[PDB]
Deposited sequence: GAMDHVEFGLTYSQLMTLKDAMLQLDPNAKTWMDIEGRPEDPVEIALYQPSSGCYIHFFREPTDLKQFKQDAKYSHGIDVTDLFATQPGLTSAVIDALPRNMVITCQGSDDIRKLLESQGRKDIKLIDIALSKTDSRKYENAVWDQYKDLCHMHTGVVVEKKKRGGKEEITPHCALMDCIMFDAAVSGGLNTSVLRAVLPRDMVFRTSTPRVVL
């Protein structure tokens, strides 16, 4: 509101922990980014650097719940109850912490661009691989086969009617990279963010 003036969603302590964690990102390595949800109301964010296997992956509660339940049916299949424990402030904090003039690669750059610009990061350069749906998802099964344990949010049925595999920001990054590289490596990935930064963890008794 007009009388509310809060600069950050995170405490300085957590902002400093975030800054340190993001030193694991190489400012010059190929970096994929993808989101689920609208750029004005994102619910899942992923960045991925195949060179190290490092990824950033986190969630956000939707503001437009009617649009969300609709988007879930046709794209992401994310159960909204599973988004309760998420850290507010993380989307802005992570985007603000990205290196100046970083080059980010994506599939369909329009939504990624709107998100970054809404966060004042017009300095970030975007490379759109601009593949067909078919070509971009050649390694879709192979990626889910290998990395399913990295995201459990996508349990809703998604339709195109015909049922299709749900869209995950993290699996998307991995499979798009596989498509461009012409193959998928078998390698163990590494989460950049601490678990307690991404979700509300931690009571012995109610009240």
{"property": "Deposited-sequence segments unaccounted for in the coordinates", "result": "161-166, 209"}
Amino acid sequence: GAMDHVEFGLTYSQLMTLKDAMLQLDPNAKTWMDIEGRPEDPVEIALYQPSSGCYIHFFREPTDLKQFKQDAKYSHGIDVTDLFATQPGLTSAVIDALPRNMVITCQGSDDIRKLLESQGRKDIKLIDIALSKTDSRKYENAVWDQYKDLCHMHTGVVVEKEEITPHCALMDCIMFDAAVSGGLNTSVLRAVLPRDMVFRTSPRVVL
From here on, numbers count along this sequence of modelled residues.
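C-alpha atoms forming the largest set that superposes within 1.5 Å between two forms make up the rigid core.
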item	value
Higher C-alpha RMS shift from the shown form in 6 other deposited structures of this protein - 145-153 or 178-186, rigid core fit	178-186
Given 183-191 and 8-16, the range whose Cα B-factors average higher in the PDB entry	183-191
Mean Cα B-factor comparison, 80-88 or 108-116, giving the higher one as deposited	80-88
Candidate residues 125, 73, 100, 133, the one whose C-alpha B factor the record puts highest	133
Member of 138, 161, 152, 167 with the greatest C-alpha B factor (per the PDB record)	161
Cα B factor band for residue 33 (lowest, middle or highest third within the chain)	lowest
Third of chain Cα B-factors occupied by residue 142	middle
Chain thirds of CA B-factor: placement of residue 66	highest
